[PDB]
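Student: Next up, target_2.pdb (PDB, C-alpha atoms).
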```pdb
ATOM      1  CA  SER A   1      34.175   9.614  48.760  1.00  0.00           C
ATOM      2  CA  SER A   2      32.054   8.851  51.840  1.00  0.00           C
ATOM      3  CA  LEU A   3      34.869   8.133  54.337  1.00  0.00           C
ATOM      4  CA  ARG A   4      36.095  11.753  54.236  1.00  0.00           C
ATOM      5  CA  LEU A   5      33.696  13.022  56.921  1.00  0.00           C
ATOM      6  CA  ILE A   6      36.248  11.973  59.563  1.00  0.00           C
ATOM      7  CA  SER A   7      38.421  15.076  59.032  1.00  0.00           C
ATOM      8  CA  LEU A   8      35.664  17.199  60.616  1.00  0.00           C
ATOM      9  CA  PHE A   9      35.936  15.670  64.102  1.00  0.00           C
ATOM     10  CA  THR A  10      38.667  18.107  65.185  1.00  0.00           C
ATOM     11  CA  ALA A  11      36.154  20.968  65.520  1.00  0.00           C
ATOM     12  CA  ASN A  12      34.305  19.348  68.450  1.00  0.00           C
ATOM     13  CA  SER A  13      35.273  18.901  72.094  1.00  0.00           C
ATOM     14  CA  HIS A  14      33.930  15.358  72.580  1.00  0.00           C
ATOM     15  CA  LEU A  15      35.021  13.656  69.342  1.00  0.00           C
ATOM     16  CA  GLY A  16      38.255  15.655  69.118  1.00  0.00           C
ATOM     17  CA  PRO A  17      40.605  13.833  71.503  1.00  0.00           C
ATOM     18  CA  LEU A  18      39.385  10.463  70.163  1.00  0.00           C
ATOM     19  CA  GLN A  19      40.966  10.806  66.716  1.00  0.00           C
ATOM     20  CA  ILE A  20      44.310  11.667  68.326  1.00  0.00           C
ATOM     21  CA  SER A  21      44.201   8.494  70.431  1.00  0.00           C
ATOM     22  CA  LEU A  22      43.229   6.415  67.395  1.00  0.00           C
ATOM     23  CA  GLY A  23      46.176   7.814  65.444  1.00  0.00           C
ATOM     24  CA  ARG A  24      48.610   6.061  67.788  1.00  0.00           C
ATOM     25  CA  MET A  25      47.092   2.570  67.581  1.00  0.00           C
ATOM     26  CA  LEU A  26      47.917   2.381  63.862  1.00  0.00           C
ATOM     27  CA  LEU A  27      51.654   2.421  64.671  1.00  0.00           C
ATOM     28  CA  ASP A  28      51.453  -0.949  66.458  1.00  0.00           C
ATOM     29  CA  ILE A  29      50.015  -3.246  63.773  1.00  0.00           C
ATOM     30  CA  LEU A  30      52.952  -2.742  61.387  1.00  0.00           C
ATOM     31  CA  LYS A  31      55.496  -5.044  63.034  1.00  0.00           C
ATOM     32  CA  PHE A  32      52.982  -7.801  63.729  1.00  0.00           C
ATOM     33  CA  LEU A  33      51.907  -7.445  60.101  1.00  0.00           C
ATOM     34  CA  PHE A  34      55.516  -8.034  59.049  1.00  0.00           C
ATOM     35  CA  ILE A  35      55.857 -11.159  61.197  1.00  0.00           C
ATOM     36  CA  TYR A  36      52.478 -12.501  60.050  1.00  0.00           C
ATOM     37  CA  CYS A  37      53.412 -12.012  56.394  1.00  0.00           C
ATOM     38  CA  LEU A  38      56.543 -14.110  56.868  1.00  0.00           C
ATOM     39  CA  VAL A  39      54.686 -16.839  58.779  1.00  0.00           C
ATOM     40  CA  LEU A  40      52.076 -16.986  56.007  1.00  0.00           C
ATOM     41  CA  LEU A  41      54.318 -17.210  52.941  1.00  0.00           C
ATOM     42  CA  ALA A  42      56.335 -19.850  54.735  1.00  0.00           C
ATOM     43  CA  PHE A  43      53.333 -22.184  55.078  1.00  0.00           C
ATOM     44  CA  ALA A  44      51.766 -21.278  51.717  1.00  0.00           C
ATOM     45  CA  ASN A  45      54.451 -23.380  49.962  1.00  0.00           C
ATOM     46  CA  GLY A  46      54.479 -26.889  51.454  1.00  0.00           C
ATOM     47  CA  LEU A  47      50.725 -27.360  51.148  1.00  0.00           C
ATOM     48  CA  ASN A  48      50.869 -26.317  47.494  1.00  0.00           C
ATOM     49  CA  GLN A  49      53.796 -28.663  46.879  1.00  0.00           C
ATOM     50  CA  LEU A  50      51.987 -31.661  48.381  1.00  0.00           C
ATOM     51  CA  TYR A  51      48.582 -31.442  46.655  1.00  0.00           C
ATOM     52  CA  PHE A  52      49.371 -30.383  43.069  1.00  0.00           C
ATOM     53  CA  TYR A  53      49.041 -33.942  41.720  1.00  0.00           C
ATOM     54  CA  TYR A  54      45.258 -34.367  42.081  1.00  0.00           C
ATOM     55  CA  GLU A  55      43.951 -31.311  40.204  1.00  0.00           C
ATOM     56  CA  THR A  56      40.699 -32.185  38.422  1.00  0.00           C
ATOM     57  CA  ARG A  57      38.723 -30.134  35.871  1.00  0.00           C
ATOM     58  CA  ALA A  58      35.415 -28.258  36.002  1.00  0.00           C
ATOM     59  CA  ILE A  59      33.269 -30.334  33.629  1.00  0.00           C
ATOM     60  CA  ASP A  60      33.834 -33.406  35.813  1.00  0.00           C
ATOM     61  CA  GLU A  61      32.496 -31.641  38.922  1.00  0.00           C
ATOM     62  CA  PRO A  62      28.873 -31.148  40.001  1.00  0.00           C
ATOM     63  CA  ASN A  63      27.150 -28.028  38.647  1.00  0.00           C
ATOM     64  CA  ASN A  64      30.324 -26.939  36.785  1.00  0.00           C
ATOM     65  CA  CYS A  65      31.811 -25.049  39.738  1.00  0.00           C
ATOM     66  CA  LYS A  66      35.531 -25.148  40.546  1.00  0.00           C
ATOM     67  CA  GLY A  67      37.192 -23.716  43.645  1.00  0.00           C
ATOM     68  CA  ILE A  68      35.956 -22.264  46.905  1.00  0.00           C
ATOM     69  CA  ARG A  69      32.815 -20.038  46.905  1.00  0.00           C
ATOM     70  CA  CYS A  70      30.802 -22.930  45.442  1.00  0.00           C
ATOM     71  CA  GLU A  71      28.184 -24.722  47.535  1.00  0.00           C
ATOM     72  CA  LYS A  72      30.492 -27.745  47.956  1.00  0.00           C
ATOM     73  CA  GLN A  73      34.077 -26.551  48.312  1.00  0.00           C
ATOM     74  CA  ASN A  74      36.777 -28.280  46.269  1.00  0.00           C
ATOM     75  CA  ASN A  75      40.238 -27.729  44.773  1.00  0.00           C
ATOM     76  CA  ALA A  76      41.495 -25.550  47.610  1.00  0.00           C
ATOM     77  CA  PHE A  77      45.250 -26.311  47.561  1.00  0.00           C
ATOM     78  CA  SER A  78      45.881 -26.726  43.831  1.00  0.00           C
ATOM     79  CA  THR A  79      47.668 -23.524  42.750  1.00  0.00           C
ATOM     80  CA  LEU A  80      49.612 -20.819  44.577  1.00  0.00           C
ATOM     81  CA  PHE A  81      46.945 -18.145  44.052  1.00  0.00           C
TER      82      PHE A  81
ATOM     83  CA  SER B   1      17.460 -80.673  36.839  1.00  0.00           C
ATOM     84  CA  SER B   2      13.942 -79.395  37.587  1.00  0.00           C
ATOM     85  CA  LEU B   3      12.711 -78.812  34.005  1.00  0.00           C
ATOM     86  CA  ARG B   4      12.736 -82.553  33.231  1.00  0.00           C
ATOM     87  CA  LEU B   5       9.236 -83.217  34.600  1.00  0.00           C
ATOM     88  CA  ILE B   6       7.833 -82.274  31.174  1.00  0.00           C
ATOM     89  CA  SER B   7       8.798 -85.658  29.685  1.00  0.00           C
ATOM     90  CA  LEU B   8       6.039 -87.275  31.787  1.00  0.00           C
ATOM     91  CA  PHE B   9       3.118 -85.492  30.097  1.00  0.00           C
ATOM     92  CA  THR B  10       2.740 -88.221  27.455  1.00  0.00           C
ATOM     93  CA  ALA B  11       1.180 -90.659  29.945  1.00  0.00           C
ATOM     94  CA  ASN B  12      -1.912 -88.490  30.485  1.00  0.00           C
ATOM     95  CA  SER B  13      -4.937 -87.919  28.281  1.00  0.00           C
ATOM     96  CA  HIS B  14      -5.447 -84.246  28.941  1.00  0.00           C
ATOM     97  CA  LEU B  15      -1.856 -82.961  28.926  1.00  0.00           C
ATOM     98  CA  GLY B  16      -0.787 -85.384  26.190  1.00  0.00           C
ATOM     99  CA  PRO B  17      -1.940 -83.657  22.994  1.00  0.00           C
ATOM    100  CA  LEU B  18      -0.641 -80.310  24.315  1.00  0.00           C
ATOM    101  CA  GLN B  19       3.058 -81.188  24.125  1.00  0.00           C
ATOM    102  CA  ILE B  20       2.627 -82.338  20.520  1.00  0.00           C
ATOM    103  CA  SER B  21       1.066 -79.018  19.535  1.00  0.00           C
ATOM    104  CA  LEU B  22       3.688 -77.041  21.384  1.00  0.00           C
ATOM    105  CA  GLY B  23       6.456 -78.948  19.610  1.00  0.00           C
ATOM    106  CA  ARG B  24       5.437 -77.397  16.289  1.00  0.00           C
ATOM    107  CA  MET B  25       5.491 -73.737  17.361  1.00  0.00           C
ATOM    108  CA  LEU B  26       9.240 -73.925  17.972  1.00  0.00           C
ATOM    109  CA  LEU B  27       9.761 -74.380  14.208  1.00  0.00           C
ATOM    110  CA  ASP B  28       8.404 -70.916  13.375  1.00  0.00           C
ATOM    111  CA  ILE B  29      10.702 -68.689  15.469  1.00  0.00           C
ATOM    112  CA  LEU B  30      13.890 -69.775  13.676  1.00  0.00           C
ATOM    113  CA  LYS B  31      13.533 -67.709  10.497  1.00  0.00           C
ATOM    114  CA  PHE B  32      12.489 -64.610  12.421  1.00  0.00           C
ATOM    115  CA  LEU B  33      15.504 -65.213  14.666  1.00  0.00           C
ATOM    116  CA  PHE B  34      17.680 -65.113  11.549  1.00  0.00           C
ATOM    117  CA  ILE B  35      16.166 -61.855  10.283  1.00  0.00           C
ATOM    118  CA  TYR B  36      16.273 -60.225  13.724  1.00  0.00           C
ATOM    119  CA  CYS B  37      19.931 -61.136  14.219  1.00  0.00           C
ATOM    120  CA  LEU B  38      20.841 -59.435  10.947  1.00  0.00           C
ATOM    121  CA  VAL B  39      18.789 -56.335  11.798  1.00  0.00           C
ATOM    122  CA  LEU B  40      20.481 -56.122  15.216  1.00  0.00           C
ATOM    123  CA  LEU B  41      24.046 -56.626  13.968  1.00  0.00           C
ATOM    124  CA  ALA B  42      23.386 -53.887  11.406  1.00  0.00           C
ATOM    125  CA  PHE B  43      22.368 -51.213  13.931  1.00  0.00           C
ATOM    126  CA  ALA B  44      24.842 -52.190  16.667  1.00  0.00           C
ATOM    127  CA  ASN B  45      27.685 -50.601  14.647  1.00  0.00           C
ATOM    128  CA  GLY B  46      26.781 -47.006  13.756  1.00  0.00           C
ATOM    129  CA  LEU B  47      25.840 -46.044  17.307  1.00  0.00           C
ATOM    130  CA  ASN B  48      29.136 -47.441  18.586  1.00  0.00           C
ATOM    131  CA  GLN B  49      31.025 -45.573  15.864  1.00  0.00           C
ATOM    132  CA  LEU B  50      29.386 -42.243  16.745  1.00  0.00           C
ATOM    133  CA  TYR B  51      29.757 -42.226  20.549  1.00  0.00           C
ATOM    134  CA  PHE B  52      33.231 -43.686  21.168  1.00  0.00           C
ATOM    135  CA  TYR B  53      34.841 -40.252  21.645  1.00  0.00           C
ATOM    136  CA  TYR B  54      33.247 -39.284  24.987  1.00  0.00           C
ATOM    137  CA  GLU B  55      34.127 -42.306  27.143  1.00  0.00           C
ATOM    138  CA  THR B  56      34.705 -41.191  30.738  1.00  0.00           C
ATOM    139  CA  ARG B  57      36.107 -43.225  33.650  1.00  0.00           C
ATOM    140  CA  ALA B  58      34.689 -44.483  36.944  1.00  0.00           C
ATOM    141  CA  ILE B  59      36.157 -42.094  39.514  1.00  0.00           C
ATOM    142  CA  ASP B  60      34.496 -39.139  37.882  1.00  0.00           C
ATOM    143  CA  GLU B  61      31.102 -40.727  38.187  1.00  0.00           C
ATOM    144  CA  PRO B  62      29.021 -40.502  41.319  1.00  0.00           C
ATOM    145  CA  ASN B  63      29.229 -43.512  43.653  1.00  0.00           C
ATOM    146  CA  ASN B  64      31.948 -45.125  41.476  1.00  0.00           C
ATOM    147  CA  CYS B  65      29.498 -46.897  39.160  1.00  0.00           C
ATOM    148  CA  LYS B  66      30.062 -47.239  35.407  1.00  0.00           C
ATOM    149  CA  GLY B  67      27.591 -48.635  32.882  1.00  0.00           C
ATOM    150  CA  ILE B  68      23.946 -49.622  32.971  1.00  0.00           C
ATOM    151  CA  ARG B  69      22.564 -51.399  36.093  1.00  0.00           C
ATOM    152  CA  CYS B  70      23.546 -48.398  38.244  1.00  0.00           C
ATOM    153  CA  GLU B  71      20.934 -46.075  39.735  1.00  0.00           C
ATOM    154  CA  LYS B  72      21.799 -43.347  37.210  1.00  0.00           C
ATOM    155  CA  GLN B  73      22.594 -45.025  33.901  1.00  0.00           C
ATOM    156  CA  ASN B  74      25.608 -43.804  31.931  1.00  0.00           C
ATOM    157  CA  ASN B  75      28.109 -44.932  29.288  1.00  0.00           C
ATOM    158  CA  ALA B  76      25.618 -46.981  27.294  1.00  0.00           C
ATOM    159  CA  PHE B  77      27.096 -46.742  23.767  1.00  0.00           C
ATOM    160  CA  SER B  78      30.838 -46.722  24.464  1.00  0.00           C
ATOM    161  CA  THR B  79      32.061 -50.217  23.525  1.00  0.00           C
ATOM    162  CA  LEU B  80      30.686 -52.988  21.321  1.00  0.00           C
ATOM    163  CA  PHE B  81      29.901 -55.334  24.219  1.00  0.00           C
TER     164      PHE B  81
END
```
Would you mind writing the file out in structure tokens?
Tutor:
Amino acid sequence: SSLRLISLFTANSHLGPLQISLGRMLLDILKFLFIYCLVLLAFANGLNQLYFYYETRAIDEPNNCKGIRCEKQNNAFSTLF
Amino acid sequence: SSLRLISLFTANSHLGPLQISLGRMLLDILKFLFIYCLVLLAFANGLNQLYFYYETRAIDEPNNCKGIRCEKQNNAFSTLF
């Protein structure tokens, strides 16, 4: 609801021609996004297939924290998610 | 081999009558040894029977130390030994 004040820039002479030039840049990231998506799901598979034998539990870890976003990161290549 | 210099105390007049009085004290600890052994064998069983469900391993424990004599003692009532 707060990002809708950008449709008012067309009524000014300085900020007007800037939105039109920004509209074209967003037609260049699509193809690189496609290629990057393929390169990422390709690699997301081998690493998961190699490390899924050493998955521990939470109660056997310090402070009962499992995964990244803890203070000491652990169990980063266990599942596919 | 070094505790055999106590068999020479009988040739002196000060240390002589001390070995003979010490020889009698060692005939009082036997009965209390009997009672204490029964009282210890009695209690050594319930505590082992109550705690033998939560026995962890040694890779889950910090610094790979299991049992008493570590810096942080753990697994004290797991087995009978």
Student: Quick one: residues within 12 Å of residue 62 of chain B, all atoms listed in the file, excluding same-chain residues fewer than 3 positions away - as a list in words?
Tutor: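 Near neighbours after the sequence-gap exclusion: residues 60, 61 and 62 of chain A; 57, 58, 59, 65, 66, 67, 70, 71, 72, 73 and 74 of chain B.
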Student: Distance atom CA of residue 80 of chain B-atom CA of residue 45 of chain B, one decimal place?
Tutor: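 Distance reported for this atom pair: 7.7 Å.
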Student: Could I have chain A as a PDB file with C-alpha atoms, keeping the file's coordinate frame after it is superimposed on chain B by least squares, pairing all C-alpha atoms in sequence order?
Tutor:
```
ATOM      1  CA  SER A   1      17.474 -80.663  36.826  1.00  0.00           C
ATOM      2  CA  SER A   2      13.971 -79.364  37.606  1.00  0.00           C
ATOM      3  CA  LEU A   3      12.734 -78.804  34.024  1.00  0.00           C
ATOM      4  CA  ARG A   4      12.793 -82.548  33.250  1.00  0.00           C
ATOM      5  CA  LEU A   5       9.298 -83.253  34.615  1.00  0.00           C
ATOM      6  CA  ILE A   6       7.877 -82.319  31.194  1.00  0.00           C
ATOM      7  CA  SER A   7       8.733 -85.714  29.652  1.00  0.00           C
ATOM      8  CA  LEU A   8       6.025 -87.313  31.825  1.00  0.00           C
ATOM      9  CA  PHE A   9       3.083 -85.533  30.169  1.00  0.00           C
ATOM     10  CA  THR A  10       2.723 -88.202  27.463  1.00  0.00           C
ATOM     11  CA  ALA A  11       1.164 -90.670  29.930  1.00  0.00           C
ATOM     12  CA  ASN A  12      -1.995 -88.573  30.434  1.00  0.00           C
ATOM     13  CA  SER A  13      -4.978 -87.940  28.173  1.00  0.00           C
ATOM     14  CA  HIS A  14      -5.445 -84.223  28.922  1.00  0.00           C
ATOM     15  CA  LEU A  15      -1.841 -82.967  28.933  1.00  0.00           C
ATOM     16  CA  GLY A  16      -0.755 -85.383  26.195  1.00  0.00           C
ATOM     17  CA  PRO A  17      -1.909 -83.681  22.985  1.00  0.00           C
ATOM     18  CA  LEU A  18      -0.662 -80.311  24.299  1.00  0.00           C
ATOM     19  CA  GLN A  19       3.046 -81.157  24.116  1.00  0.00           C
ATOM     20  CA  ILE A  20       2.615 -82.303  20.508  1.00  0.00           C
ATOM     21  CA  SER A  21       1.032 -78.971  19.558  1.00  0.00           C
ATOM     22  CA  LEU A  22       3.774 -77.056  21.374  1.00  0.00           C
ATOM     23  CA  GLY A  23       6.438 -78.993  19.476  1.00  0.00           C
ATOM     24  CA  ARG A  24       5.342 -77.374  16.209  1.00  0.00           C
ATOM     25  CA  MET A  25       5.450 -73.746  17.377  1.00  0.00           C
ATOM     26  CA  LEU A  26       9.213 -73.992  17.945  1.00  0.00           C
ATOM     27  CA  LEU A  27       9.769 -74.448  14.190  1.00  0.00           C
ATOM     28  CA  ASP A  28       8.473 -70.938  13.423  1.00  0.00           C
ATOM     29  CA  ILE A  29      10.754 -68.716  15.524  1.00  0.00           C
ATOM     30  CA  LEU A  30      13.933 -69.805  13.712  1.00  0.00           C
ATOM     31  CA  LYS A  31      13.593 -67.720  10.547  1.00  0.00           C
ATOM     32  CA  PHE A  32      12.420 -64.608  12.377  1.00  0.00           C
ATOM     33  CA  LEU A  33      15.363 -65.137  14.724  1.00  0.00           C
ATOM     34  CA  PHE A  34      17.680 -65.118  11.706  1.00  0.00           C
ATOM     35  CA  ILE A  35      16.209 -61.888  10.327  1.00  0.00           C
ATOM     36  CA  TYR A  36      16.260 -60.222  13.756  1.00  0.00           C
ATOM     37  CA  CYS A  37      19.916 -61.146  14.262  1.00  0.00           C
ATOM     38  CA  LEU A  38      20.844 -59.441  10.997  1.00  0.00           C
ATOM     39  CA  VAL A  39      18.770 -56.337  11.778  1.00  0.00           C
ATOM     40  CA  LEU A  40      20.445 -56.094  15.192  1.00  0.00           C
ATOM     41  CA  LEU A  41      24.104 -56.433  14.206  1.00  0.00           C
ATOM     42  CA  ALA A  42      23.486 -53.932  11.446  1.00  0.00           C
ATOM     43  CA  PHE A  43      22.415 -51.205  13.894  1.00  0.00           C
ATOM     44  CA  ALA A  44      24.866 -52.189  16.650  1.00  0.00           C
ATOM     45  CA  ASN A  45      27.706 -50.617  14.607  1.00  0.00           C
ATOM     46  CA  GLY A  46      26.782 -47.025  13.723  1.00  0.00           C
ATOM     47  CA  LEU A  47      25.810 -46.097  17.272  1.00  0.00           C
ATOM     48  CA  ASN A  48      29.116 -47.465  18.560  1.00  0.00           C
ATOM     49  CA  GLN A  49      31.014 -45.583  15.857  1.00  0.00           C
ATOM     50  CA  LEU A  50      29.371 -42.255  16.719  1.00  0.00           C
ATOM     51  CA  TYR A  51      29.750 -42.178  20.523  1.00  0.00           C
ATOM     52  CA  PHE A  52      33.217 -43.640  21.189  1.00  0.00           C
ATOM     53  CA  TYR A  53      34.810 -40.200  21.663  1.00  0.00           C
ATOM     54  CA  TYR A  54      33.202 -39.256  25.002  1.00  0.00           C
ATOM     55  CA  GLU A  55      34.093 -42.267  27.172  1.00  0.00           C
ATOM     56  CA  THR A  56      34.717 -41.136  30.756  1.00  0.00           C
ATOM     57  CA  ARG A  57      36.127 -43.127  33.700  1.00  0.00           C
ATOM     58  CA  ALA A  58      34.605 -44.537  36.889  1.00  0.00           C
ATOM     59  CA  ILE A  59      36.320 -42.414  39.554  1.00  0.00           C
ATOM     60  CA  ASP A  60      34.886 -39.263  37.959  1.00  0.00           C
ATOM     61  CA  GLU A  61      31.306 -40.560  38.230  1.00  0.00           C
ATOM     62  CA  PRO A  62      28.971 -40.480  41.243  1.00  0.00           C
ATOM     63  CA  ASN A  63      29.223 -43.455  43.614  1.00  0.00           C
ATOM     64  CA  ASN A  64      31.923 -45.107  41.445  1.00  0.00           C
ATOM     65  CA  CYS A  65      29.463 -46.910  39.165  1.00  0.00           C
ATOM     66  CA  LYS A  66      30.031 -47.226  35.412  1.00  0.00           C
ATOM     67  CA  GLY A  67      27.555 -48.586  32.876  1.00  0.00           C
ATOM     68  CA  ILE A  68      23.911 -49.574  32.969  1.00  0.00           C
ATOM     69  CA  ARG A  69      22.524 -51.363  36.083  1.00  0.00           C
ATOM     70  CA  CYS A  70      23.546 -48.372  38.220  1.00  0.00           C
ATOM     71  CA  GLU A  71      20.916 -46.078  39.726  1.00  0.00           C
ATOM     72  CA  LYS A  72      21.723 -43.357  37.160  1.00  0.00           C
ATOM     73  CA  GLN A  73      22.497 -44.973  33.814  1.00  0.00           C
ATOM     74  CA  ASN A  74      25.561 -43.796  31.896  1.00  0.00           C
ATOM     75  CA  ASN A  75      28.092 -44.922  29.279  1.00  0.00           C
ATOM     76  CA  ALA A  76      25.622 -46.990  27.280  1.00  0.00           C
ATOM     77  CA  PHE A  77      27.082 -46.732  23.747  1.00  0.00           C
ATOM     78  CA  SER A  78      30.817 -46.730  24.479  1.00  0.00           C
ATOM     79  CA  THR A  79      32.035 -50.220  23.504  1.00  0.00           C
ATOM     80  CA  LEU A  80      30.675 -52.985  21.282  1.00  0.00           C
ATOM     81  CA  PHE A  81      29.883 -55.324  24.187  1.00  0.00           C
TER      82      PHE A  81
END
```
Student: Contacts of residue 8 of chain B at 12 Å or less, counting all atoms listed in the file, minus same-chain residues fewer than 6 places along, as a PyMOL selection string?
Tutor: chain B and resi 15-16+19
Student: What does the structure give for the distance between atom CA of residue 4 of chain B and atom CA of residue 29 of chain B, in Å to one decimal?
Tutor: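 If I compute the distance from atom CA of residue 4 of chain B to atom CA of residue 29 of chain B, I get 22.6 Å.
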Student: Go through the shown structure with the PyMOL selection byres ((chain B and resi 78) around 8) and write out the matching residues as a PDB file with C-alpha atoms, in the frame of the given file.
Tutor:
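Ended up saving to part08.pdb:
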```pdb
ATOM      1  CA  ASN B  48      29.136 -47.441  18.586  1.00  0.00           C
ATOM      2  CA  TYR B  51      29.757 -42.226  20.549  1.00  0.00           C
ATOM      3  CA  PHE B  52      33.231 -43.686  21.168  1.00  0.00           C
ATOM      4  CA  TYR B  54      33.247 -39.284  24.987  1.00  0.00           C
ATOM      5  CA  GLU B  55      34.127 -42.306  27.143  1.00  0.00           C
ATOM      6  CA  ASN B  75      28.109 -44.932  29.288  1.00  0.00           C
ATOM      7  CA  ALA B  76      25.618 -46.981  27.294  1.00  0.00           C
ATOM      8  CA  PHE B  77      27.096 -46.742  23.767  1.00  0.00           C
ATOM      9  CA  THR B  79      32.061 -50.217  23.525  1.00  0.00           C
ATOM     10  CA  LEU B  80      30.686 -52.988  21.321  1.00  0.00           C
TER      11      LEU B  80
END
```
Student: When you draw a straight line from atom CA of residue 3 of chain A to atom CA of residue 27 of chain A, how long is it in Å?
Tutor: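 Taking atom CA of residue 3 of chain A as the start and atom CA of residue 27 of chain A as the end point, the length is 20.5 Å.
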Student: Go through A:13, A:50, A:56, A:6 one by one, measure the shortest atom-to-atom distance of each to chain B using all atoms listed in the file, and give the residue with the smallest value.
Tutor: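 So, comparing all the options, the nearest one is A:56.
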